[PDB]
Amino acid sequence: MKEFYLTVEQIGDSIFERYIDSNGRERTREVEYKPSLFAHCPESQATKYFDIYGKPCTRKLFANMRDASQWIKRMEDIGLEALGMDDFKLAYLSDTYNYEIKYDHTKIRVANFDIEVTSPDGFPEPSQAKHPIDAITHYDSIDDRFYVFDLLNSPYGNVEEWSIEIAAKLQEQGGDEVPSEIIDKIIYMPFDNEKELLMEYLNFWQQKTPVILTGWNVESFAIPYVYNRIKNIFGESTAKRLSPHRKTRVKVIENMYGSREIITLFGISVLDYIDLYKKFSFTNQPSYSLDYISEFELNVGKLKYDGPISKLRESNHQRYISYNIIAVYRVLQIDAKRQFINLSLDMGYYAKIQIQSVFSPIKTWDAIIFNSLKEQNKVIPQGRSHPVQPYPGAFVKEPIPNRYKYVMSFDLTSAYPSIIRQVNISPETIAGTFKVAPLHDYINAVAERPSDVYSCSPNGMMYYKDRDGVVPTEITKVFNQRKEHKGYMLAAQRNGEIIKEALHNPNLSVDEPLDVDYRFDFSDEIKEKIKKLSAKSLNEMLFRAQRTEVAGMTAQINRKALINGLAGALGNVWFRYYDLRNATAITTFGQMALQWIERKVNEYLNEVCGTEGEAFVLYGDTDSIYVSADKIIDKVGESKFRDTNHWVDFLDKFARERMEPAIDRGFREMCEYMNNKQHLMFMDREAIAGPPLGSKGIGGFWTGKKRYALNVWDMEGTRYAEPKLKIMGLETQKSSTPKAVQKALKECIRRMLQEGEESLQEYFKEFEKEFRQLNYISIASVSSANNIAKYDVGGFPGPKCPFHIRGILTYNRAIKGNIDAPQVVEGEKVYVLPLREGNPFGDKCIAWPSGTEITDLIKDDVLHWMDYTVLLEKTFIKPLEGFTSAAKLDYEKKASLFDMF
DNA sequence: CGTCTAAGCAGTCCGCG
DNA sequence: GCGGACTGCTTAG
Ligand SMILES: Cc1cn([C@H]2C[C@H](O)[C@@H](COP(=O)(O)OP(=O)(O)OP(=O)(O)O)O2)c(=O)[nH]c1=O
Ligand SMILES: [Ca+2]
Ligand SMILES: [Ca+2]
Ligand SMILES: [Ca+2]
Ligand SMILES: [Ca+2]
Ligand SMILES: [Ca+2]
């Protein structure tokens with residue numbers, strides 16, 4: 001097998017690399033790597049190295065990396081560009097792995113751990129580490145074992161050994177329900193004291209040194225706590241054994257409001273699962289506790305125990321250890337579903353970066369572009385300082401707020417990357433500028449043709465057409481990977497709908513799920529067998545199809561995110577290829593394309609309908625258009641359709657055979673107008689929307705920009721067994737909206753779109769009547785809480801104090817002097833509840849950490865003083881009023897002359 | 001901590017004769 | 001009451 005790196009570090013003048021050798025063994029080596037950098041030189045001087053603009057360069061080979069770094073400094077002092085890859089480990093990887101890396105995940109040691117720390121005086125601060133570590137569970141991917149390190153003797157209590165037999169039993173048997181599939185994989189080690197636990201842990205770590213280190217909040221809690229505790233007990237040298245190169249560094253992580261410290265472990269790649277989740281899941285959650293995320297992703301019940309966590313070990317050590325093991329397993333289960341570790345390895349090895357650098361699209365793209373240019377003996381420019389400057393973005397059409405009955409949508413495939421490719425936007429393809437007209441003049445095709453030689457964007461930029469730039473070339477590669485995975489995702493989705501249909505008629509037999517690849521559309525033979533399967537089999541198949549769909553989604557969306565990140569990186573001042581001319585070439589071209597195609601679609605549809613000046617495009621945002629299909633449906637007549645699916649077919653065909661050809665023609669003309677390199681504006685049909693045939697549903701409504709709802713029957717070729725709501729921007733989609741309120745508003749919208757005014761009124765009346773029975777958590781608002789200190793004036797709100805911050809200050813007074821009460825964490829999320837006039841808390845709201853029950857000290861008082869009336873008006877009635885006025889509907893029945901009877 | 005801009009709504013403060 | 005200037009938060013793309 002071909003070799004591949006595991007980790008790489010620069011330590012002084014040495015590269016330290018852990019790698020898999022040609023025999024599949026893990027190895028480590030120290031290499032005194034001599035880097036090269038570059039300077040411009042005279043043309044008379046013969047060289048094979050050229051910068052991206054074709055100017056000749058001389059290569060400078062340095063005795064060591066510190067010499068190369070010192071040279072860069074002196075070049076700045078002189079005021080001359082020092083070219084080349086200044087991150088010497090990326091250059092090392094590029095020299096050492098000069099081929100497309102093929103990696104074998106089975107050789108990569110992926111460690112997942114969690115620690116427990118009993119603490120009587122509040123949250124155990126990692127930087128102090130003053131309390132014993134009393135449990136570690138550490139799962140190793142190579143061994144496939146959970147290694148459990150259990151402290152039996154502590155100043156906070158002596159306990160009995162954990163019992164695997166009790167752990168396996170049902171909760172209903174008094175057990176902990178540790179899943180049976182991991183029971184046999186647990187290696188349990190009790191310890192007499194904390195020193196021996198820790199020494200043994202470090203010896204184990206030495207034996208089985210993580211390459212990828214993950215877990216939940218490991219980077220901000222577990223790692224710094226372990227490091228600092230070992231440091232406190234044994235000294236620094238012992239703690240540095242967590243690094244294979246015995247090198248660590250306290251790293252300061254800064255944001256807008258403050259800073260925190262983490263421990264960098266040289267020769268380990270830390271991918272904290274909470275951060276993988278936030279980057280790759282495309283969710284925004286009310287809470288990021290493992291309990292909350294586990295329940296959301298896996299539908300497993302919250303880990304239930306009595307008393308505070310600080311007393312759990314002494315009261316129920318059995319449960320304490322079991323829950324520590326289950327916590328590690330839940331992370332593995334989330335990853336089995338989401339596959340973020342797989343994704344990270346894929347992207348990291350593709351770009352040839354330290355795996356942990358996948359969190360930074362700038363670093364990822366810098367590496368991809370560098371490797372691409374180095375292949376042609378080209379030399380990358382030096383990174384420079386730029387002041388942050390605002391620049392213009394997308395166009396968004398102002399919609400007329402209303403109901404809209406039949407709607408077809410279309411949008412560009414990979415909009416911004418396709419613009420890059422079409423126009424040929426790249427640092428080295430800049431050909432010059434042209435004299436710009438107002439955008440409106442390009443949109444309406446009255447402006448002079450920008451160029452007869454170069455490829456243009458209406459921001460004034462021109463690009464070479466003779467050869468693809470490195471940015472278009474490399475973006476195309478990733479786009480092509482994205483397209484492949486999206487294919488698998490959509491197949492699994494369509495396959496899921498076939499199973500759903502079949503579940504309407506399950507067979508009465510005993511059988512098994514079919515062994516199939518859900519990434520490919522089911523053959524006729526498979527469809528036939530599915531029609532004969534039991535519900536049990538079909539449900540197992542649906543689960544597997546949906547798991548396949550999730551895996552395709554992870555793979556496709558994050559490749560989408562990467563290529564879109566390059567468009568944005570051009571407007572980031574830390575990017576080597578930062579250029580506002582290129583960033584705005586993309587956004588301004590995007591603005592033109594949307595308004596251009598709006599004009600063309602309106603013109604086309606007025607022609608087919610025989611009208612003039614009618615607005616068929618009702619809305620658009622960035623790269624999308626929403627087209628009213630009412631007139632299309634009415635030309636055939638609703639009476640002529642057999643069912644809903646009949647008109648959906650009709651619109652799908654109309655979109656495919658009439659709309660898309662017309663759109664393509666419009667865009668080909670625009671490509672000629674801008675003289676672009678290649679026509680790549682592909683605006684495919686997204687959604688087909690409308691009410692159920694024969695119903696009084698309104699189909700859809702807009703309230704404003706970025707706020708709408710549609711009843712969708714077909715999405716990107718997926719024909720649903722049951723219609724699905726596409727809701728954007730409305731309160732049902734916001735993590736700040738109470739859980740139960742999200743649910744109720746969605747049901748109100750469903751009724752509006754599917755059933756009509758009377759149905760909505762019946763539901764509203766019921767919700768208003770019963771909502772006071774809803775659990776307090778389900779009706780609490782949610783907000784992030786920043787700058788709590790700024791607004792705190794002696795425990796009370798200062799000027800301009802935000803509502804949620806006021807809530808926190810109320811909470812802080814209510815729990816004052818109590819070290820055991822949960823503290824609100826600056827920058828994290830809180831639940832927020834309004835309080836009625838005259839409450840003992842002395843203010844109008846209270847807030848507490850999200851994902852938690854409010855502390856028992858004050859719970860009963862909060863429940864007693866909760867303002868249900870204010871809550872209802874603010875979170876439910878107000879948004880509903882917004883939806884219904886926009887839709888021209890009433891949520892409460894207005895009096896009529898029939899009331900006389 | 002980690003690409004980008006556009007733009008919505010909640011709430012504070014205060015004007016609006 | 002609403003709305004504008006402003007801060008804060010959160011989405012859509
Ligand atoms: C969703 C999203 C879009 N954008 C920008 C770049 C996108 O090309 C552009 C349009 O967004 P989308 O239409 O959401 O994305 P897309 O066109 O890249 O992909 P698809 O083929 O799935 O339609 O907006 C971001 O910068 N960040 C984002 O998170
Ligand atoms: Ca715990
Ligand atoms: Ca798109
Ligand atoms: Ca599409
Ligand atoms: Ca059947
Ligand atoms: Ca879109």
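Quick note: numbers below take in every heavy atom, side chains included, and nothing from hydrogens, waters or symmetry partners. Chain identifiers are assigned alphabetically (A, B, ...) following the order of the sequence lines, protein sequences preceding nucleic acid strands; residue numbering begins at 1 within each chain.
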Identify the pairs formed between an N or O of the protein and an N or O of nucleotides 4-6 of chain C at a distance under 3.5 Å, and give each distance.
| residue | atom | partner | partner atom | Å |
| --- | --- | --- | --- | --- |
| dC6(C) | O2 | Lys800(A) | NZ | 3.2 |

Tabulate atom names and distances for all N/O pairs under 3.5 angstrom spanning the protein and nucleotides 7-9 of chain B.
| residue | atom | partner | partner atom | Å |
| --- | --- | --- | --- | --- |
| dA7(B) | OP1 | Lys705(A) | NZ | 2.8 |

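Residues passing the side-chain contact (heavy atoms from CB on, under 4.5 Å) test with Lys89(A), sequence neighbours excluded: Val8(A), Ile15(A), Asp87(A), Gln354(A). Under the ring-ring contact (aromatic ring centres under 6.0 Å, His included) criterion, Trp702(A) pairs with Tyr404(A), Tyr619(A), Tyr626(A), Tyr708(A), not counting sequence neighbours. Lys560(A) meets the salt bridge (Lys or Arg N to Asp or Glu O under 4.0 Å) test with no other residue; sequence neighbours excluded.
Within the structure, salt bridge (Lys or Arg N to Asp or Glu O under 4.0 Å) contacts touching residues 575-596 of chain A (residues at least two apart or in different chains) are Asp86(A)-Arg576(A), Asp366(A)-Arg576(A), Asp579(A)-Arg581(A). Applying the side-chain hydrogen bond (donor to acceptor under 3.5 Å, both in side chains) definition to pairs two or more places apart or across chains, those involving residues 868-878 of chain A are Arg772(A)-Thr869(A). Listed by first and then second residue, the salt bridge (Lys or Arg N to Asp or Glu O under 4.0 Å) pairs that reach into residues 341-358 of chain A are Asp346(A)-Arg559(A), sequence neighbours excluded.
End-to-end axis angle of the helix from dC4(B)-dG13(C) to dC16(B)-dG1(C), using five pairs per end and rounding to 10°, comes to 30°.
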Side-chain donor-acceptor distances from residues 252-264 of chain A under 3.5 Å, at least two apart:
| residue | atom | partner | partner atom | Å |
| --- | --- | --- | --- | --- |
| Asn255(A) | OD1 | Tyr257(A) | N | 2.9 |
| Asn255(A) | OD1 | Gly258(A) | N | 3.1 |

Show which side-chain atoms of residues 469-479 of chain A pair as donor or acceptor with protein atoms under 3.5 Å away, not counting sequence neighbours.
| residue | atom | partner | partner atom | Å |
| --- | --- | --- | --- | --- |
| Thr473(A) | OG1 | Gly469(A) | O | 3.0 |
| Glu474(A) | OE2 | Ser372(A) | OG | 2.7 |
| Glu474(A) | OE2 | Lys477(A) | NZ | 3.0 |
| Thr476(A) | OG1 | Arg421(A) | NE | 3.0 |
| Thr476(A) | OG1 | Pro472(A) | O | 2.6 |

Determine all donor-acceptor pairs shorter than 3.5 Å in which one atom belongs to a side chain in residues 734-741 of chain A; sequence neighbours excluded.
| residue | atom | partner | partner atom | Å |
| --- | --- | --- | --- | --- |
| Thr737(A) | OG1 | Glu731(A) | O | 2.9 |
| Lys739(A) | NZ | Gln742(A) | OE1 | 2.6 |

